[PDB]
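J.: Supplied in structure tokens, the structure appears directly below.
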Amino acid sequence: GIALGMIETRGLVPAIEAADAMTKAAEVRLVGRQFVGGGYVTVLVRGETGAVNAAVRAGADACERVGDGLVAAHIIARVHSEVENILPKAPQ
Amino acid sequence: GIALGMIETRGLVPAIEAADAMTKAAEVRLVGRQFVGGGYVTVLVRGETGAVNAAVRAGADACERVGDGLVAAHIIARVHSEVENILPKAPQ
Amino acid sequence: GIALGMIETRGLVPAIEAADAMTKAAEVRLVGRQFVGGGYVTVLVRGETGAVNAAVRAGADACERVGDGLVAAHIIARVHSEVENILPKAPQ
Amino acid sequence: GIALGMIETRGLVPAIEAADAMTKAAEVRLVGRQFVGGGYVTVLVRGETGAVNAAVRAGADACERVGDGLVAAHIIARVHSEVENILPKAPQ
Amino acid sequence: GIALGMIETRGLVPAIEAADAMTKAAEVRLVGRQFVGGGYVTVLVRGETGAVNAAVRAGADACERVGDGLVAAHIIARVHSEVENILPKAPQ
Amino acid sequence: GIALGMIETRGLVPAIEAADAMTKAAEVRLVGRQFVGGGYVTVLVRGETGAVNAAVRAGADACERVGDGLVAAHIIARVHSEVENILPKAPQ
Amino acid sequence: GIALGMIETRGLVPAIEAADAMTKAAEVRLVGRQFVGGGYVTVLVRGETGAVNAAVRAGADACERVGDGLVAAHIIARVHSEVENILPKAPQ
Amino acid sequence: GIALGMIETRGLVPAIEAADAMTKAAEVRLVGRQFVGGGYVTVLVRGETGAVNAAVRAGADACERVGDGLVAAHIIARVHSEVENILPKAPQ
Amino acid sequence: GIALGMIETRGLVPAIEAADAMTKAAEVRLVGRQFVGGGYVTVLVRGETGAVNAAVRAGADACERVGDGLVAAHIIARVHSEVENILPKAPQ
Amino acid sequence: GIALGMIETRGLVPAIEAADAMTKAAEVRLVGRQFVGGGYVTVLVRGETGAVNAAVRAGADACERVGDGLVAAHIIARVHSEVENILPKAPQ
Amino acid sequence: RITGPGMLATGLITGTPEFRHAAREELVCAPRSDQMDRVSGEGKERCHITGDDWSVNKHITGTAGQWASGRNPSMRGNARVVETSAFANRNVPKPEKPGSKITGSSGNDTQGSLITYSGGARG
């Protein structure tokens with residue numbers, strides 16, 4: 001799957017809950033968790049477009065009222081080949 | 001040892017007090033402490049579902065009145081396999 | 001390419017969307033993504049002057065409503081040779 | 001000395017003043033300085049409960065009016081073994 | 001020349017636009033770009049006292065309305081030898 | 001000398017101005033410049049009590065109006081032996 | 001394909017029509033038909049999340065006006081291992 | 001486990017959605033799915049009391065609006081040893 | 001990819017725009033561009049059901065106002081095996 | 001160059017005029033002339049984005065009142081590699 | 001009509017298929033308090049240096065103003081800043097202060113700074 005679904009949150013607790021609901025809610029692999037600095041934490045997954053749409057929706061709904069809350073929940077069905085250089089491949 | 005209890009605090013002093021209260025209240029292991037950045041600190045514990053419900057409540061009460069305070073108290077009863085990657089296994 | 005295109009955002013999700021829109025829109029190379037700190041994420045692209053102008057406009061419009069939003073979208077047709085030392089060469 | 005005494009301040013200047021006041025007040029060991037992020041700087045000491053009760057109080061009184069101020073002053077007479085892993089054992 | 005001129009900005013984009021404007025405006029050599037943290041980027045140049053002043057004023061005007069704006073603009077005609085140790089020499 | 005003078009400022013431009021004023025005013029030695037995070041930058045000078053007291057007073061006036069201003073200006077005539085571990089030995 | 005799409009109906013005729021509409025509409029394998037009792041017949045299909053979404057929409061649109069009608073159309077993108085032993089494993 | 005959680009729904013589409021939400025929410029083993037007849041499908045999960053509470057709450061919430069609806073959601077912390085005879089040990 | 005998505009336009013310039021938007025939007029393969037004759041040109045892509053949906057929406061939106069315009073934008077989740085013979089596999 | 005500029009007209013006379021004005025005006029190579037059918041003629045040029053933008057504008061103005069006229073005038077700064085398969089490489 | 005993971009987060013998700021909008025968008029130096037200078041050291045303009053100084057009036061044009069800013073095109077966006085930091089959290093809402101009721105010679109100062117023991121109790 002090449003689709004990218006990213007959910008951004010203020011703090012880590014909303015992000016881990018978002019990642020939990022995201023993965024439970026469809027076929028998606030948690031490729032990365034990035035601390036953006038200033039609080040923002042981004043959890044991003046990869047999978048087929050239909051699966052990523054369901055995963056992102058589940059994550060945004062689940063983590064909306066956890067801690068500070070959801071900042072962004074975005075989907076890119078096909079990230080350009082250049083953008084792959086700035087995306088994590090396996091979770092860390 | 002599958003339930004995940006996460007406490008997020010503004011600063012490290014409330015985080016350490018929350019960690020102390022959480023480990024003292026129930027039979028939970030302190031998996032890790034994370035500096036999310038921007039002043040956030042998250043302490044995660046793993047244990048039985050009942051033990052993590054008691055520990056989180058005990059931790060949340062303790063760190064509420066210490067410094068800037070508690071941002072979030074969350075429980076994940078069943079944690080997906082993928083999320084385990086972004087979850088620290090032991091405290092550095 | 002000599003021209004430099006810059007898009008700053010508040011968060012990583014808008015930065016990825018901006019970078020994706022920039023690269024898709026025109027012939028630009030994603031030289032680097034930088035975490036400035038305190039929630040700022042800056043994406044840099046290099047290309048011919050015409051391409052960078054088209055890419056930066058696409059990036060600003062693409063990420064305008066995504067996440068916290070866009071901070072700056074800047075174009076530099078030709079940087080002074082001194083500035084070349086502080087610009088990333090390849091992303092990482 | 002097994003008790004823990006933590007002081008969290010907004011900036012390094014009150015932290016160093018707090019650190020100096022605590023070590024000068026009683027027989028305690030300065031075991032860590034932690035840049036939590038976003039300005040928070042935690043300085044924590046280990047010593048006897050009486051020695052760390054008198055060190056933390058002096059430190060708090062000294063760093064309260066210095067710089068931005070004092071965020072928290074905390075004492076844990078008995079530290080759970082699990083929490084000992086997330087506590088510094090020597091200055092960074 | 002040895003006079004030092006620094007411009008501080010919120011975010012990297014105004015920092016790079018400043019550095020571009022100062023280098024192009026007068027006979028100054030860029031010597032560093034520091035990520036202070038919290039979304040602050042400082043660009044330092046060196047040159048003759050008159051040249052540095054002309055460059056810094058041009059840079060201030062240029063980055064004043066780019067992104068999140070300009071925080072500071074400073075020239076030190078002669079820098080004490082001690083402050084040379086906390087100043088970057090060549091951009092890396 | 002063992003007297004310690006610490007000046008905290010929001011940003012780096014005030015810190016460099018503060019350090020320059022301090023080292024020029026009295027016979028103090030600049031031992032470090034710490035990026036606390038959250039924007040704060042702390043410059044530490046070591047010298048004789050009389051020299052450090054003069055240096056800090058000059059520094060506080062010089063950087064008060066530069067950039068976002070001054071956060072703290074502190075003097076410690078004698079620093080405890082324990083604290084000197086958490087104090088930089090020389091600038092980097 | 002691990003996504004599950006279910007379409008309950010009142011009577012068997014709308015169920016068979018829904019089963020035929022769903023399989024024809026997209027790439028979904030018809031896992032089974034269960035007589036729930038009380039005049040409810042459920043048809044379950046499996047496949048990719050995108051395929052199941054197309055199939056379920058087609059099935060619901062086909063059985064809406066057939067006989068007594070539609071009771072439920074649901075799409076589960078990911079099915080937990082526990083729910084497997086209550087679904088009809090054999091296609092026939 | 002000893003805790004018993006039951007959710008009754010009108011049809012098998014509302015029951016499967018509950019069963020998926022239950023087992024996903026907490027570590028509850030799905031013991032039975034009974035066609036009571038007349039269009040009632042009952043799902044019983046067995047687990048720890050804390051786990052079952054989370055499971056039943058998650059299960060009831062998920063299928064309240066799925067299909068004809070949720071009839072009831074009932075948690076029994078421990079059933080009388082006599083009532084164990086009328087409970088399903090494993091799913092059909 | 002089984003799923004098929006066809007966009008038909010009056011002329012070739014809108015067809016090329018639709019093809020570019022489709023292939024950029026999601027992960028699809030441009031299997032053929034057919035000159036129907038009489039002004040119509042049909043660009044059809046193959047991919048997964050989810051990707052194909054996102055592709056055709058972008059293609060329809062992109063080529064709507066280019067040249068004469070758009071004639072039809074059709075999506076088929078899975079064509080019948082017989083229709084596979086009258087479908088291109090690679091562009092002429 | 002990779003930017004693609006396509007001009008479509010009713011008849012070959014305006015199409016040839018568009019090719020002449022386009023190639024004369026800027027530095028773009030004429031890559032293809034296509035007879036779509038039904039009277040449409042498409043002339044394709046490839047060059048740098050700035051070069052292509054001037055050429056398409058010149059061609060459109062030139063063929064606007066020659067014969068039946070200008071159906072379209074489109075620029076694609078970067079064409080997806082998939083669409084490269086359906087584009088002519090050189091003229092007939 | 002059709003339930004599933006699609007119905008969730010109706011407003012939150014921003015993505016490719018439907019979110020994408022369609023066919024639309026006295027003293028020599030001036031008073032220190034009443035003065036603030038662009039350049040802050042050495043190039044400070046507060047003090048009225050009289051003579052052949054490096055200052056430039058309105059008559060002269062170049063090297064500053066529109067001749068620097070106008071070179072590079074720029075755009076600006078109203079992104080939302082919370083500024084989460086120790087300084088910003090200096091006014092964070094807080095729970096009621098702990099109260100000490102200990103009745104022994106405890107060195108219990110209830111007028112000083114708040115020193116919280118385990119549980120958040122004051123001491």
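Every chain in the structure tokens has a letter given in the order shown (A, B, ...), and although residue numbers restart at 1 in each chain, ligands are simply numbered from 1 in the order shown.
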Could you pull out the residues in chain I that DSSP calls strand (DSSP E) from the backbone, as an MDAnalysis selection string?
T.: chainID I and resid 3:10 28:37 40:47 70:76
J.: Would you save the residues of that selection, restricted to N, CA, C and O atoms, as a short mmCIF file (atom, residue, chain, number, x, y, z; two decimals), in the first residue's frame?
T.:
data_model
loop_
_atom_site.label_atom_id
_atom_site.label_comp_id
_atom_site.auth_asym_id
_atom_site.auth_seq_id
_atom_site.Cartn_x
_atom_site.Cartn_y
_atom_site.Cartn_z
N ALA I 3 -10.04 -2.76 -10.58
CA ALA I 3 -10.97 -1.66 -10.75
C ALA I 3 -10.60 -0.82 -11.96
O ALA I 3 -9.42 -0.56 -12.23
N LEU I 4 -11.62 -0.39 -12.70
CA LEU I 4 -11.44 0.37 -13.93
C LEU I 4 -12.12 1.73 -13.79
O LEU I 4 -13.23 1.83 -13.26
N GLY I 5 -11.44 2.77 -14.27
CA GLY I 5 -12.00 4.10 -14.29
C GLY I 5 -11.76 4.79 -15.61
O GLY I 5 -10.60 4.96 -16.02
N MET I 6 -12.82 5.19 -16.29
CA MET I 6 -12.74 5.79 -17.62
C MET I 6 -13.21 7.23 -17.55
O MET I 6 -14.26 7.52 -16.97
N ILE I 7 -12.42 8.13 -18.13
CA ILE I 7 -12.81 9.52 -18.33
C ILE I 7 -12.84 9.79 -19.82
O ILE I 7 -11.89 9.48 -20.54
N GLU I 8 -13.95 10.37 -20.29
CA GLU I 8 -14.13 10.70 -21.70
C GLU I 8 -14.26 12.21 -21.84
O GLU I 8 -14.94 12.86 -21.05
N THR I 9 -13.61 12.76 -22.87
CA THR I 9 -13.55 14.20 -23.05
C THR I 9 -13.72 14.54 -24.53
O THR I 9 -13.51 13.70 -25.41
N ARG I 10 -14.12 15.78 -24.78
CA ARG I 10 -14.20 16.32 -26.14
C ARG I 10 -12.83 16.89 -26.49
O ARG I 10 -12.50 18.02 -26.13
N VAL I 28 -2.74 4.45 -9.72
CA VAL I 28 -3.43 3.81 -10.82
C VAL I 28 -2.46 3.70 -11.99
O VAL I 28 -1.44 4.38 -12.05
N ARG I 29 -2.79 2.81 -12.92
CA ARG I 29 -2.01 2.60 -14.13
C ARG I 29 -2.82 3.06 -15.33
O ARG I 29 -3.94 2.58 -15.54
N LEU I 30 -2.26 3.97 -16.12
CA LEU I 30 -2.91 4.41 -17.34
C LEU I 30 -2.79 3.32 -18.39
O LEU I 30 -1.78 3.23 -19.09
N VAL I 31 -3.82 2.48 -18.51
CA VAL I 31 -3.70 1.30 -19.36
C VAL I 31 -3.93 1.64 -20.83
O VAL I 31 -3.46 0.92 -21.71
N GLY I 32 -4.66 2.71 -21.13
CA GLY I 32 -4.93 3.04 -22.51
C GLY I 32 -5.50 4.43 -22.67
O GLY I 32 -6.16 4.97 -21.78
N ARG I 33 -5.22 5.02 -23.83
CA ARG I 33 -5.88 6.24 -24.30
C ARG I 33 -6.42 5.94 -25.68
O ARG I 33 -5.64 5.65 -26.60
N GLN I 34 -7.73 6.02 -25.85
CA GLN I 34 -8.39 5.59 -27.07
C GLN I 34 -8.99 6.80 -27.78
O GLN I 34 -9.63 7.64 -27.15
N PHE I 35 -8.78 6.87 -29.09
CA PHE I 35 -9.42 7.88 -29.94
C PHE I 35 -10.72 7.28 -30.45
O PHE I 35 -10.74 6.54 -31.43
N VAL I 36 -11.83 7.62 -29.78
CA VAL I 36 -13.11 7.04 -30.14
C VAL I 36 -13.54 7.49 -31.53
O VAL I 36 -14.27 6.78 -32.23
N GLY I 37 -13.12 8.67 -31.94
CA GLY I 37 -13.53 9.22 -33.22
C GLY I 37 -14.70 10.18 -33.05
O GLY I 37 -15.55 10.03 -32.17
N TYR I 40 -14.28 12.53 -29.51
CA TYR I 40 -14.14 11.93 -28.19
C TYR I 40 -12.78 11.27 -28.03
O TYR I 40 -12.25 10.65 -28.96
N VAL I 41 -12.20 11.42 -26.84
CA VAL I 41 -11.00 10.70 -26.44
C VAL I 41 -11.23 10.16 -25.04
O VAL I 41 -11.69 10.90 -24.16
N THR I 42 -10.91 8.89 -24.83
CA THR I 42 -11.22 8.19 -23.59
C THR I 42 -9.92 7.71 -22.95
O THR I 42 -9.23 6.85 -23.52
N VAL I 43 -9.60 8.24 -21.78
CA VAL I 43 -8.45 7.79 -21.00
C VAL I 43 -8.98 6.95 -19.85
O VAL I 43 -9.80 7.41 -19.06
N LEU I 44 -8.51 5.70 -19.77
CA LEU I 44 -9.00 4.76 -18.77
C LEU I 44 -7.83 4.18 -18.00
O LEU I 44 -6.79 3.86 -18.58
N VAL I 45 -8.00 4.05 -16.69
CA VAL I 45 -6.94 3.63 -15.78
C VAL I 45 -7.39 2.39 -15.03
O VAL I 45 -8.59 2.11 -14.91
N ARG I 46 -6.42 1.65 -14.51
CA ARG I 46 -6.67 0.45 -13.73
C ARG I 46 -5.94 0.54 -12.40
O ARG I 46 -4.80 1.03 -12.34
N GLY I 47 -6.58 0.06 -11.35
CA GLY I 47 -5.99 0.11 -10.03
C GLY I 47 -6.90 -0.56 -9.02
O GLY I 47 -7.86 -1.25 -9.39
N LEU I 70 -15.66 17.83 -20.35
CA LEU I 70 -15.71 16.43 -19.96
C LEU I 70 -17.03 15.83 -20.41
O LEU I 70 -18.08 16.45 -20.27
N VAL I 71 -16.97 14.61 -20.96
CA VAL I 71 -18.17 13.93 -21.43
C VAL I 71 -18.70 12.95 -20.40
O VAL I 71 -19.88 12.97 -20.05
N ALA I 72 -17.84 12.08 -19.89
CA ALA I 72 -18.25 11.08 -18.92
C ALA I 72 -17.08 10.71 -18.03
O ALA I 72 -15.93 10.66 -18.48
N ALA I 73 -17.38 10.44 -16.76
CA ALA I 73 -16.40 9.94 -15.80
C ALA I 73 -17.04 8.75 -15.10
O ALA I 73 -17.87 8.93 -14.20
N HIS I 74 -16.65 7.55 -15.50
CA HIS I 74 -17.29 6.32 -15.04
C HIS I 74 -16.29 5.48 -14.27
O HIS I 74 -15.10 5.44 -14.59
N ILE I 75 -16.78 4.81 -13.23
CA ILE I 75 -15.98 3.94 -12.38
C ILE I 75 -16.64 2.57 -12.35
O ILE I 75 -17.84 2.47 -12.09
N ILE I 76 -15.86 1.52 -12.59
CA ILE I 76 -16.33 0.15 -12.51
C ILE I 76 -15.42 -0.58 -11.53
O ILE I 76 -14.22 -0.75 -11.80
#
J.: Considering only C-alpha atoms, return as a ChimeraX atom specification whatever protein or nucleic-acid residues lie within 10 Å of residue 54 in chain E, sequence-local ones (same chain, fewer than 3 positions apart) excluded.
T.: /E:5,22,25-28,48-51,57-59 /K:43,54-55,63-64
J.: For the residues in the current selection, export N, CA and C atoms as an mmCIF file, in the first residue's frame.
T.:
data_model
loop_
_atom_site.group_PDB
_atom_site.id
_atom_site.type_symbol
_atom_site.label_atom_id
_atom_site.label_comp_id
_atom_site.auth_asym_id
_atom_site.auth_seq_id
_atom_site.Cartn_x
_atom_site.Cartn_y
_atom_site.Cartn_z
ATOM 1 N N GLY E 5 27.022 41.188 12.922
ATOM 2 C CA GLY E 5 25.631 41.576 12.808
ATOM 3 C C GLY E 5 24.719 40.370 12.819
ATOM 4 N N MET E 22 20.818 40.342 3.598
ATOM 5 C CA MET E 22 22.026 40.944 4.155
ATOM 6 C C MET E 22 23.233 40.677 3.267
ATOM 7 N N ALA E 25 22.840 42.788 0.179
ATOM 8 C CA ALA E 25 22.725 44.229 0.377
ATOM 9 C C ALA E 25 24.089 44.897 0.469
ATOM 10 N N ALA E 26 25.014 44.317 1.233
ATOM 11 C CA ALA E 26 26.308 44.939 1.473
ATOM 12 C C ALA E 26 27.383 43.862 1.516
ATOM 13 N N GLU E 27 28.620 44.295 1.765
ATOM 14 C CA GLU E 27 29.783 43.409 1.753
ATOM 15 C C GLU E 27 29.932 42.778 3.135
ATOM 16 N N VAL E 28 29.172 41.707 3.352
ATOM 17 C CA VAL E 28 29.234 40.929 4.581
ATOM 18 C C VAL E 28 29.340 39.459 4.207
ATOM 19 N N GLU E 48 32.869 44.712 7.741
ATOM 20 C CA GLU E 48 33.211 46.039 8.229
ATOM 21 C C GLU E 48 32.007 46.658 8.929
ATOM 22 N N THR E 49 32.286 47.493 9.930
ATOM 23 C CA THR E 49 31.218 48.044 10.757
ATOM 24 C C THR E 49 30.162 48.737 9.907
ATOM 25 N N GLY E 50 30.594 49.550 8.944
ATOM 26 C CA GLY E 50 29.635 50.208 8.074
ATOM 27 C C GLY E 50 28.872 49.228 7.206
ATOM 28 N N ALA E 51 29.575 48.249 6.634
ATOM 29 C CA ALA E 51 28.916 47.272 5.775
ATOM 30 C C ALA E 51 27.918 46.432 6.560
ATOM 31 N N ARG E 57 20.306 46.264 8.342
ATOM 32 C CA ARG E 57 19.079 47.090 8.227
ATOM 33 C C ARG E 57 18.299 46.568 7.021
ATOM 34 N N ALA E 58 18.989 46.251 5.928
ATOM 35 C CA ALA E 58 18.354 45.720 4.707
ATOM 36 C C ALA E 58 17.687 44.400 5.038
ATOM 37 N N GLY E 59 18.377 43.536 5.768
ATOM 38 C CA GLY E 59 17.856 42.220 6.153
ATOM 39 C C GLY E 59 16.653 42.356 7.027
ATOM 40 N N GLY K 43 24.327 50.460 15.770
ATOM 41 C CA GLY K 43 23.482 51.130 14.768
ATOM 42 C C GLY K 43 22.276 51.788 15.400
ATOM 43 N N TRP K 54 26.624 57.942 9.404
ATOM 44 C CA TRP K 54 26.229 56.971 8.354
ATOM 45 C C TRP K 54 24.725 56.983 8.155
ATOM 46 N N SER K 55 24.005 57.844 8.857
ATOM 47 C CA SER K 55 22.533 57.922 8.760
ATOM 48 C C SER K 55 22.129 58.348 7.354
ATOM 49 N N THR K 63 19.544 50.374 -0.962
ATOM 50 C CA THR K 63 20.147 49.470 0.016
ATOM 51 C C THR K 63 19.216 49.137 1.178
ATOM 52 N N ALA K 64 18.065 49.792 1.289
ATOM 53 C CA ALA K 64 17.143 49.506 2.379
ATOM 54 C C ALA K 64 15.735 49.884 1.943
#
J.: Enumerate the residues of chain I with a DSSP assignment of helix (DSSP H, G or I), computed from the backbone, and present them as a PDB file with C-alpha atoms, in the first residue's frame.
T.:
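This is the output file part_34.pdb:
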ATOM      1  CA  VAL I  13      -6.058  18.372 -24.305  1.00  0.00           C
ATOM      2  CA  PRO I  14      -8.746  17.707 -21.650  1.00  0.00           C
ATOM      3  CA  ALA I  15      -7.945  13.994 -21.928  1.00  0.00           C
ATOM      4  CA  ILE I  16      -4.262  14.590 -21.171  1.00  0.00           C
ATOM      5  CA  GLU I  17      -5.196  16.808 -18.230  1.00  0.00           C
ATOM      6  CA  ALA I  18      -7.524  14.116 -16.886  1.00  0.00           C
ATOM      7  CA  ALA I  19      -4.856  11.439 -17.319  1.00  0.00           C
ATOM      8  CA  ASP I  20      -2.270  13.553 -15.493  1.00  0.00           C
ATOM      9  CA  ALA I  21      -4.638  14.350 -12.626  1.00  0.00           C
ATOM     10  CA  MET I  22      -5.740  10.720 -12.297  1.00  0.00           C
ATOM     11  CA  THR I  23      -2.241   9.229 -12.207  1.00  0.00           C
ATOM     12  CA  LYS I  24      -1.088  11.919  -9.770  1.00  0.00           C
ATOM     13  CA  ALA I  25      -4.100  11.617  -7.462  1.00  0.00           C
ATOM     14  CA  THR I  49     -11.082   0.090  -5.998  1.00  0.00           C
ATOM     15  CA  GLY I  50     -10.162   2.732  -3.431  1.00  0.00           C
ATOM     16  CA  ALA I  51      -7.391   4.262  -5.530  1.00  0.00           C
ATOM     17  CA  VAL I  52      -9.537   4.268  -8.672  1.00  0.00           C
ATOM     18  CA  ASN I  53     -12.300   6.204  -6.905  1.00  0.00           C
ATOM     19  CA  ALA I  54      -9.897   8.902  -5.718  1.00  0.00           C
ATOM     20  CA  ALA I  55      -8.321   9.002  -9.182  1.00  0.00           C
ATOM     21  CA  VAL I  56     -11.516   9.549 -11.174  1.00  0.00           C
ATOM     22  CA  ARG I  57     -12.779  12.295  -8.844  1.00  0.00           C
ATOM     23  CA  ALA I  58      -9.533  14.197  -9.415  1.00  0.00           C
ATOM     24  CA  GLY I  59      -9.590  13.535 -13.152  1.00  0.00           C
ATOM     25  CA  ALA I  60     -13.203  14.652 -13.469  1.00  0.00           C
ATOM     26  CA  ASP I  61     -12.517  17.814 -11.465  1.00  0.00           C
ATOM     27  CA  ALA I  62      -9.231  18.550 -13.241  1.00  0.00           C
ATOM     28  CA  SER I  81     -14.444 -11.355 -17.302  1.00  0.00           C
ATOM     29  CA  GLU I  82     -15.885 -11.068 -20.815  1.00  0.00           C
ATOM     30  CA  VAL I  83     -15.346  -7.297 -20.935  1.00  0.00           C
ATOM     31  CA  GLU I  84     -11.632  -7.756 -20.215  1.00  0.00           C
ATOM     32  CA  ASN I  85     -11.052  -8.548 -23.900  1.00  0.00           C
ATOM     33  CA  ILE I  86     -12.305  -5.168 -25.156  1.00  0.00           C
TER      34      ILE I  86
END
J.: Find the residues of chain K that sit at most 8 Å from chain B; for each, write down the nearest two atoms and how far apart they are in Å, to one decimal. Count only C-alpha atoms. Sort by chain, then by number going up, and give it as CSV.
T.:
residue,atom,partner,partner_atom,distance
K:84,CA,B:38,CA,5.6
K:85,CA,B:38,CA,5.4
K:86,CA,B:39,CA,6.4
K:89,CA,B:68,CA,7.3
K:92,CA,B:68,CA,6.7
K:94,CA,B:68,CA,7.0
K:95,CA,B:65,CA,5.9
K:96,CA,B:65,CA,7.6
K:97,CA,B:65,CA,7.1
K:98,CA,B:65,CA,7.4
K:116,CA,B:66,CA,6.7
K:118,CA,B:17,CA,6.9
K:119,CA,B:62,CA,4.3
K:120,CA,B:65,CA,5.3
J.: Keeping only C-alpha atoms, take the residues you just selected and write them out as a PDB file, in the first residue's frame.
T.:
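Written file, out27.pdb:
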ATOM      1  CA  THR K  84       3.031  25.714  24.353  1.00  0.00           C
ATOM      2  CA  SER K  85       6.032  26.545  26.536  1.00  0.00           C
ATOM      3  CA  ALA K  86       6.961  27.153  30.151  1.00  0.00           C
ATOM      4  CA  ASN K  89       1.887  27.822  30.732  1.00  0.00           C
ATOM      5  CA  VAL K  92      -2.288  27.558  33.342  1.00  0.00           C
ATOM      6  CA  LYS K  94      -4.483  24.881  38.531  1.00  0.00           C
ATOM      7  CA  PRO K  95      -6.320  22.919  41.230  1.00  0.00           C
ATOM      8  CA  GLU K  96      -6.948  24.269  44.703  1.00  0.00           C
ATOM      9  CA  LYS K  97      -3.777  24.527  46.756  1.00  0.00           C
ATOM     10  CA  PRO K  98      -3.029  21.667  49.178  1.00  0.00           C
ATOM     11  CA  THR K 116       4.217  19.375  47.828  1.00  0.00           C
ATOM     12  CA  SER K 118       3.885  12.623  47.697  1.00  0.00           C
ATOM     13  CA  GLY K 119       0.171  12.698  46.734  1.00  0.00           C
ATOM     14  CA  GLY K 120       0.356  16.494  46.281  1.00  0.00           C
TER      15      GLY K 120
END
J.: Just give me the gap between CA of residue 87 in chain G and CA of residue 92 in chain H in Å, one decimal is fine.
T.: 9.6 Å
J.: Work out how far CA of residue 80 in chain G is from CA of residue 91 in chain H, in Å to one decimal.
T.: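 So the two atoms, CA of residue 91 in chain H and CA of residue 80 in chain G, lie 14.7 Å apart.
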